[PDB]
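Engineer: What would the 3D arrangement of this be:
(4 chains)
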Amino acid sequence: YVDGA
Amino acid sequence: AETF
Amino acid sequence: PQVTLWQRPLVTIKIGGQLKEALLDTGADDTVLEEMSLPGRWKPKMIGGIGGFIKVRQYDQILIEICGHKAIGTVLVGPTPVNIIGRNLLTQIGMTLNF
Amino acid sequence: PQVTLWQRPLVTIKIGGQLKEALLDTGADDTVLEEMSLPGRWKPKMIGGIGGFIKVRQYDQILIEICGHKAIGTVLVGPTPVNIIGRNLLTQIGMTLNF
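Structural biologist: Residues are numbered from 1 along each chain as shown, chains lettered A, B, ... in the order given. Have a look at this structure:
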């Protein structure tokens, strides 16, 4: 899980 | 384990 | 059946009698859900990722339906930003990654 | 080629003239690599994960070969525990999930 935020 |  | 990755691979899951949305995550060894009510006993555990680590509750033999397919497995519950379905359950619904 | 998930979906990548192994991660919006030498300029950024946030360098128009399939896109470089290939690149090589 990688969240571009 | 690992949640990458 | 099949899903492309132009958008986040979100699916609907039913677990502990509740409906939730979760991300299919081939990069996750394990399944981890945001805080929720899940019957039964559990055992402490810690998992890692980008940013650090979080403490979670480990529930075994938990029934979950993923986009219609049933699976029984371990489910972690704790302070994750989003519900993640990991490989431990992905293999049960015959989720394959093809390219 | 089809790929099951009974094991971590690791693939070989070539980037910046170097060979590395990376995890195909459908739960990742973005591609993030461990510290490495890459040409060109970059711009600071912070990405989130299950354990919190990490600071990273953002590079655009970076060429990468994933299992023989070429792709160009943004690549982040920073303190990630492992090299992750995210959807921004997964769509370029036609990856899909099947269940």
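Engineer: Against chain D, how distant is the residue of chain C found nearest chain B?
Structural biologist: Minimum separation of chain C from chain B (CB to the nearest CB) falls at residue C:29, amounting to 3.5 Å. For the C-beta atoms, the positions are set from N, CA and C on the backbone; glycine is no exception. Applying CB to the nearest CB, to the nearest Å, the value for residue C:29 to chain D is 7 Å.
Engineer: Please name the nearest non-neighbouring residue to that residue.
Structural biologist: residue B:1 (3.5 Å; CB to CB, 6 or more residues apart in numbering or on different chains).
Engineer: give me the number of residues near the nearest residue to residue C:95 once chain neighbours are set aside?
Structural biologist: Nearest residue to residue C:95 in three dimensions, chain neighbours excluded: residue D:99, at 4.1 Å (CB to CB, 6+ apart). Counted by other CB atoms under 10 Å in any protein chain shown, the residues lying close to residue D:99 total 19.
Engineer: Spit out the contact partners of residue D:99.
Structural biologist: Neighbouring residues of residue D:99 by CB atoms under 8 Å, 6 or more residues apart in numbering or on different chains: C:1, C:2, C:67, C:69, C:90, C:93, C:94, C:95, C:96.
Engineer: Could you pick out the residues of chain C near chain D for me?
Structural biologist: Contact residues, chain C versus chain D (CB under 8 Å from any CB of the partner chain): C:1-6, C:8-9, C:23-29, C:32, C:47-54, C:67, C:69, C:80-81, C:84, C:87, C:90-91, C:93-99.
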